[PDB]
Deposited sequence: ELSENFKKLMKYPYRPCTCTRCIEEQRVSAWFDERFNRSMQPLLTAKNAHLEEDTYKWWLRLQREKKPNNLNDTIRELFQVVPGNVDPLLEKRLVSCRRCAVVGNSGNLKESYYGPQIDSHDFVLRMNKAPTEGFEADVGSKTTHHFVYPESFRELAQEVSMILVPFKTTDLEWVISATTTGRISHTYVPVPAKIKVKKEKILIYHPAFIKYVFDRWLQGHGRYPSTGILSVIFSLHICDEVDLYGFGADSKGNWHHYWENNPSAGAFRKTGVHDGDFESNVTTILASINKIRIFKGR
């Protein structure tokens, strides 16, 4: 832990007891060979998200995964080498349209994006820069060469997919078709820690919903990796519409998720850019 040199620091204690109760400095948001053993209850919970009939042994899968992708990444992505890390987290809302936020977005040290969201042809609004990009097998698009891919695994097969799609191309389906092959270089792949998913669900969502959305997973990841966090493209537009910029059930609690980001903004732990 080090205090940052930004105007404010996310880690700063005693600003908000609500914040101090939830934020856990000892959490590691990325999987490594050294941190990969899940406690029993964590592992059971994670298996219940999508309930694969009979998953391959997790230890086996992870051993194989780290023969492919790097197994000794710094879990905070070398935050300790800088004194202020400024991050933009850019969601998929149509509220980005005609917002003109691109240049401010690209002014950040890291820019974090998710799902199939394009920047090409939208740069004036969403920026041209990406440092990190959150995907899963059923929500992937090819990424520029300089972009770190963060796989968010919601079942054991998602880990097997990363191995397959960078090697043999044998996995072409989960419950829907998925890319058999991807072009991302192995050394640019990061794996969101399943225990970090549960931390977000338990501490930050307080168990609202079946499991956390990519949106809220990206935000809480950024609170740990960054010193300063600006959100873009979260929520509805000014007309109340939920449409993506480029084009309910109980599984996620979008209302509660949006309430978390709202509270975070109210305590200056993030700034929210609402767009149009």
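- Within the chain's deposited sequence, the coordinate-free stretches run 1 to 13, 261 to 269 in sequence order.
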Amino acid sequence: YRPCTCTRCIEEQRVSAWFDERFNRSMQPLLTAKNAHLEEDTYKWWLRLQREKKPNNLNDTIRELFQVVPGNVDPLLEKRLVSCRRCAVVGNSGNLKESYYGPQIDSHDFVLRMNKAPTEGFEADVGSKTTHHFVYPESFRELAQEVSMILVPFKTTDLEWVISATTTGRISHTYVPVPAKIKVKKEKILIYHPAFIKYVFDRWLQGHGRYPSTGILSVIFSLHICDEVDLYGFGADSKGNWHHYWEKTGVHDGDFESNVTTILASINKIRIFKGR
From here on, numbers count along this sequence of modelled residues.
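- When the two stretches 218 to 226 and 61 to 69 are set side by side, the higher mean Cα temperature factor goes to 218 to 226.
- Here the stretch with the larger average CA B-factor, out of 231 to 239 and 47 to 55, is 47 to 55.
- Of the candidates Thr168, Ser107, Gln145, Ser99, the one whose C-alpha carries the top B factor in the deposited record is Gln145.
- Going by the entry's values, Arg80 shows the largest Cα B-factor out of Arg113, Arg80, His173, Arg86.
- Sorting the modelled residues of the chain by their CA temperature factor places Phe201 in the lowest third.
- Per-chain ranking of the deposited C-alpha B factor places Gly127 in the lowest third.
- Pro75: CA B factor lies in the highest third for its chain, per the PDB record.
- Per the PDB record, residue ranking by Cα B-factor puts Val162 in the highest third of the chain.
- Split the chain's modelled residues into thirds by C-alpha temperature factor. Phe256 is in the highest one.
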